[PDB]
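I have placed the structure first, in the form of structure tokens, so that the comments after it can refer back to it.
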Amino acid sequence: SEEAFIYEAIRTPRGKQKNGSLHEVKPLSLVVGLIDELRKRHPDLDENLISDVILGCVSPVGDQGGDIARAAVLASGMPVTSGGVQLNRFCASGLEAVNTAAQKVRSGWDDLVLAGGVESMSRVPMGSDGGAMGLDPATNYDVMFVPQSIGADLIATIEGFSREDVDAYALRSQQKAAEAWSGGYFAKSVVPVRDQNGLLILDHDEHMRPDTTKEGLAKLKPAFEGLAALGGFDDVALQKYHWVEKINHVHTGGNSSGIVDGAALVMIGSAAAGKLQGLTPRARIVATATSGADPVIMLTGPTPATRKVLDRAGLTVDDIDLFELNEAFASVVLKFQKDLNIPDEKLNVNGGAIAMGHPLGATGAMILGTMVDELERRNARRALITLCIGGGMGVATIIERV
Amino acid sequence: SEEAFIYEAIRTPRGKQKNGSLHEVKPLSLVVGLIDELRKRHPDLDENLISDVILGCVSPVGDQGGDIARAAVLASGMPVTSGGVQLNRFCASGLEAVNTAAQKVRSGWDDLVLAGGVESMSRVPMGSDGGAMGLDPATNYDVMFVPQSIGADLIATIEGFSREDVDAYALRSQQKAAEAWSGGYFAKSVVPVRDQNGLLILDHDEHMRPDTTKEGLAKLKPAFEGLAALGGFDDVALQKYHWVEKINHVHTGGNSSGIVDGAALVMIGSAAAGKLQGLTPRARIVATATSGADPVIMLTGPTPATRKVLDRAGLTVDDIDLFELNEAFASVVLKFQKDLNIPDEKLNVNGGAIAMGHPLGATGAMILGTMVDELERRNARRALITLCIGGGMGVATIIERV
Amino acid sequence: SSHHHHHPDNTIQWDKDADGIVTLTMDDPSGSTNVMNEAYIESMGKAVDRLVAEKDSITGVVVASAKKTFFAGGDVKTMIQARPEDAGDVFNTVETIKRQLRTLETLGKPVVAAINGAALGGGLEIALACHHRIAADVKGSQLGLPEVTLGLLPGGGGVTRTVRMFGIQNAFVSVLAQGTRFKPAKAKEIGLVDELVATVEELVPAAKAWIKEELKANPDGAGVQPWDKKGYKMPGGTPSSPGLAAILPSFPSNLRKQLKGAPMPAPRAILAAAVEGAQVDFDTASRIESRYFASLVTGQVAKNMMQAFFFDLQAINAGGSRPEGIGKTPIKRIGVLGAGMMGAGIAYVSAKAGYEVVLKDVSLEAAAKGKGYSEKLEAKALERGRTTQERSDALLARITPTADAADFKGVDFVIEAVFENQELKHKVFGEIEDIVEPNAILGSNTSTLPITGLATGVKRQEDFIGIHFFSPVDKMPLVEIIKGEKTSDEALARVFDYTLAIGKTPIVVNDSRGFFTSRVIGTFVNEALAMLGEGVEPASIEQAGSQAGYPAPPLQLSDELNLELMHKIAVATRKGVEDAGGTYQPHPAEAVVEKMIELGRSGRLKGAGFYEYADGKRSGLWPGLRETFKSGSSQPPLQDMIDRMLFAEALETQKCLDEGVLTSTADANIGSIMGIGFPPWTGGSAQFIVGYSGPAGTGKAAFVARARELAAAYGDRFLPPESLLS
């Protein structure tokens, strides 16, 4: 019954995959830079009261292996009692870390925890860690593994989302992200990345394409790179979804999330912990929920996770002011909106990963922090944050402005 | 205020590193086998009430990459709503998963969770995932990275533990593990590993050497393999511990933990969850704590973690009936016993990793389950479980027999 | 461990020459072929023991055979009896076999395989344990690992060694997944053998000569396989290599694409064993392979496929349905009536077998196009190196097209392949009845019209007989022979022998409308159309067909079969029932057929059916189909849809047995697999009953219980015949 509160939520800008500004930055440095910013905001914070640092990371190998969270605690000069643990629940890892931190606070056994994520996809590409679901034939065969982009195309086929429908949502994402940046919505929480000399490396989400046109999006070709370009995956998906004759391939590089680098950090604590440290709570974690759906279509987890977290908090869709769902693919957002009858003006109001990028292990903590700021900016009450997850999982979180 | 209870705790036997019985078994199969055993024990268990599966894994790459916990949920036929997340807090990952599961239960947002770990060190060697603390020179230099075996030798040097002292503890570990096996203490919780035909692969901890003699241990050479055999690490350790002139290298393969394969699984839930499913609680998670000490000596985390968890539960050393500390190195146990004045007859009463092996990500859940059984066998009340962790971290857990 | 099974004649002759080379000549005295039976394991165990004991005086080993073939397969009679409780014994047996080969492989001296004839399954696995393989380039010699065709896998090291030799992808796709057989020249190209000799007499001398040269040129590496050297690199990489890891997730999906989701466990087991084995050392990989082999042998699918593709095929090829006592009769000149795709293919397989063929049609241009069918096949075979120019010219020279009936002079074996119409077939046969030889076979490629009625159009009805081929004839191996009421046994034997001569598999059927294949395949397509009329999604119906294991989904097949033909069959079925004094009850599919005909969408030939067609290509389901039959209103489980199609044919097969249409379950199983497209994992539509495995259990009793469950839910036509009850 110990309420968990969000005291700080920040993130780096997202650097692009090709000729990106963050490619020269070690992912450890991305996390340490955000720790330095938190220390810069609360210099008199007794860091000995921080009992853990929980980082989501989807490819914890190489530069991101060996418990990068503990490396960040030690490299940043945080106390040796401050813990450090890495977790991987795929694209939801950043939000899972936040939820796990909030549940540790509610248990009464941890008082002040840092949570977030980090992902340098330009240095540690997706799939660098391997895995049995994809690489073990017995497991792959039995689970009917299908790349996520084909699940996204199957959703658009089943729900009747045309190529123009998903390209219309992508255009709105570019526009909303540009308006948020030009409006100053992100000025307080996007921390510029600098080198050891204080020289600027990156201060903006360089994956954005604010001049995107509906005509330009229509000229892009369907996704033909990676595992999706390989054979048999359409047949596998239709063997489970046997009432669908043919998959309409509507998703491209322009209506899917970008490959980017970035990190995010959130400070979570109890009321007594914040009062002892002169911290002002920005939001309260109302409820979390973990659920899932079919792993073949993979990307329909957000709906059952959202229903579960709403029932847990005793709320309905109408009680939520802002819905934030990661934009891995345009059809996933349109499906989620159709499932729950979500108004457009509540959904991803500041743009999403189609415009700004999807740094796997960090995204969940980025869009969580984005909703903390936007609730405070609008003086609104409740936000629901959720992400689609590989293997069909779903995670949802409700926060309430304080 | 929602108490978390342990309903089941099982593990595989530990297969040795060289010509081991488990080398042919995929680590995913080790976890699925334990899931099948839990399903075999509670066939009418409504698995839709399981909201997460949390596995510790220290080298989550290759066969152990790609969120092996979610792979286990899908491969075992568990419901798609059952989650799946991998975490890495080094050697404590298995206990961290258990603690995280208990804290999720206390939060009221999860009702029934599977927690454990898996590590196939013969297939995925230690350090396969890399990491910046070791492989990044700026981070390695500043943190003064030192292999764990040299920290263990430094502890023995500072505390005055002779080569005969650590070899005496190793002999006791072999004897206690043999008496536990021959006495049937492990019959109910060690689940034999079988192939897809039901043929036996391994049914015992094949790393044990029950015929170990004090004379045989004295003939072993100090550790001269791995990173410890490389240069400069003694100098680095003594630069921080500048009052120590020379490190006494007392640890060998015979007084250190074995490299082994294995998995462990623990079922954790609330009182209402167990009552709804006809489950009988075996123990209650009283308190958890995360702390740490100097990362250069690395292996002294258990002491501050144990003091913190005792203060959290309002208990003292005398209130604990059984202390279980992972036997990564003999001197770590002797140091922990000297710090807190622990009687010998309370400490690792059924032997430890020196005899039976240390399957990194699984060990914390193995020795947790070992204490659940031994509390029930002795009809004792409280046990404290703790492990030393790389980077100087410490985690401790108190359970109470129900 | 031990080189022996526990602690039988001798099948291996030992010979050590003065140079120290030991020749192991395999010659099983109990059979015409060397097999991996108990005698071989004991004989090889003793030979390997002797190689170790005399290692100081032995410089090389030659593994040869004294039989027509090198070594052909294992002991199916034993494997088919392995129960799940016998998995330990099966595991121990293949482990012992591979322990023998592993010792032979690591003797520290070169071992050469002298492959004089066929080396299939365990026979090739023996040669793969050697360091050098020499094959005699003789006709009829085949090399390969066809274990997958019996529901098994190469459990004597075939998976492990081919993967070590070629890598995961090449070994699986080209060798293991389909059990491909290779000619000696074809095997040398892919690296399955290393060199060829013209005659078998050169083999053992060339094997000893290679050994002698190997000891002089490569002393340090003599007798060491590539995967046993330090620094061995697996071709294409290991699963941990970034190159292979990028494409490895698509290997099971490509497998599911080729298998269409059918429940056949052997290919999945082979791929798993191959990849899991590539992750570990050789000896660990071999033991993993043994565990997957044991999993298959004790499973029901392997027992179905061993029964059908080994025992039933053997009983048929031995003449089980051939008339007893009757001798052979040579065929001097074959005459084919009709130059369509059926007759053109019949002329191809006949000329390919060495027969002279007169291909007749009503147009010389049409008859020439028929021979052009054979020309295009031979050009394809010549371009792939599967034949020579001299052999191809002799094949085509045996086909003479004509439009003149007088050119049928000298024909002693007629095969008519015209439109399925009795009055047409009568006039076609009457044109040449007096021109062909007096005792000429009068064969008719008929699918449903009873042979007794067709035979009345000829004078010598004793020589009239049904000879039913399947399109495409050059690739379909079944010939359905139908005996008319007056068809003589001498005529049946002559067509039976012709079928074996052209390399096909015969079944013998007694005269009945629909025969066996057309009648049974009709219940398959009719069951799908009934589901369409019930409101089941057309896409689910096609998926149910492919996932059951059929080679083509049923709605696609209905379009090819022509719905006008299906309507005429239903008319003839109705006429036969009420002419016999009975009451005809129409199948629910007939209303669907009539509706599609009324809409003008009668199949692919018309250009519109359940699918749309454009540029001679099938281009998706007709979008108006869902509105016509209210698709989606009925959503039964996919397994119920699969079971409805499988049980319908299995029940109909049993009725054909009960009525005397078929005389053996072997003919029922092979006929259903090769002619009807019944899924091979079942072992045949009769084996499907005794081998049924479902939620209700296994065996005939479980089949009957599931049939009654389908009957209560979908109609009384699923009620089992009396012959299946206790």
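Readers should treat all values here as calculations from the given coordinates under stated rules, not as data from a laboratory. No Cβ is skipped: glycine too gets one built from the backbone with ideal geometry, and neighbour counts run over all protein chains shown.
Couple of notes before you dig in:
- Kirkwood hydrodynamic radius of the protein assembly as shown, Cα pairs, Å: 36.2
- On the beta carbon distance between B:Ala229 and B:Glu37, with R0 = 51 Å, the FRET formula returns roughly 0.80.
- Label-point spacing at A:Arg378 relative to the other copies reads 5.8 nm, in ascending order, each point sitting 7 Å out from Cα along Cα→Cβ.
- Beta bridges by DSSP in the protein assembly as shown, antiparallel share as percent, to the nearest 5: 55
- Placing unit charges on the Cβ atoms only, positive for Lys and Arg and negative for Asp and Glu, gives segment A:123-255 a dipole magnitude near 300 debye about its Cα centre.
- Sequence ranges A:177-187, C:269-279, A:219-229, ranked by mean other-Cβ count within 10 angstrom, highest first: C:269-279, A:177-187, A:219-229
- Alpha-carbon Debye profile of chain C, log10 I(q)/I(0) at 0.07 Å⁻¹: -0.57
- Binning all Cα-Cα separations of segment C:1-330 at 10 Å, short to long from zero, yields these whole-percent fractions: 6, 26, 35, 23, 9, 2, 0.
- Cα shape, segment C:331-514, gyration tensor, a/c 1.5 rule: prolate
- Per-residue mean of foreign Cβ neighbours for A:104-115 is 5 (Cβ atoms of other chains, 10 Å radius).
- Burial ranking of peptide ranges C:490-502, B:333-345 (average Cβ count within 10 Å, highest at the top): C:490-502, B:333-345
- Over chain B: helical MRE at 222 nm, DSSP H runs n ≥ 4 each giving -39500 (n - 2.57), nearest 500: -10500 deg cm²/dmol
- Principal axis extents of the Cα atoms in segment B:246-402, from largest to smallest and rounded to whole angstrom, are 59, 35, 28.
- At 7 Å out from Cα toward Cβ: B:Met144 inter-copy label distances (nm, ascending): 5.8
- Long-range Cα-Cα pairs in chain B (distance over 37 Å), rounded percent: 16
- Taking every DSSP beta bridge that has both ends in segment C:331-514, the antiparallel portion is near 10%.
- Only helical runs count toward this figure. For chain C, summing -39,500 (n - 2.57) over DSSP H runs of n ≥ 4 and dividing by all residues gives -13500 deg cm²/dmol at 222 nm.
- Here the Kirkwood formula, the inverse mean of 1/r across different C-alpha pairs, assigns segment C:515-726 a hydrodynamic radius of 17.6 Å.
- Stokes-Einstein D for segment A:15-149, Kirkwood Rh over Cα pairs, 20 °C, 1.002 mPa s (µm²/s): 132
- Shape class for segment B:95-252: oblate, because the ratio a/c of the largest to smallest gyration tensor axis (alpha-carbon atoms, square roots of eigenvalues) is 1.5 or more and b/c is at least a/b.
- Shielding by partners - mean other protein chain Cβ count within 10 Å, residues of C:288-299: 2
- Pair C:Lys595, B:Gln196: separation of 7 Å Cα→Cβ label points (nm): 4.4
- Starting from the label point of A:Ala271 at 7 Å along Cα→Cβ, the same points in the other copies fall at 2.4 nm, in ascending order.
- Local electrostatic count, B:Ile54, Cβ distance below 9 Å [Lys/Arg +1, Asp/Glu -1]: -1
- Dipole in debye (nearest 20) - the protein assembly as shown, about Cα centre, beta carbon charges: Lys, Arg +1; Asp, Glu -1: 580
- Among the residues of A:75-84, the average count of other protein chain beta-carbon atoms within 10 Å of the residue beta-carbon is 6.
- Each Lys and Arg contributes +1 and each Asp and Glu -1, all at the Cβ; summed about the Cα centre of segment C:1-330, the dipole is approximately 1080 debye.
- Burial order of peptide ranges C:668-677, C:688-697 (average beta-carbon count within 10 Å, highest first): C:668-677, C:688-697
- Cα-based reach from B:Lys214 at 18 Å (exclusive), listing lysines while leaving out same-chain residues under 8 positions away: B:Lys176
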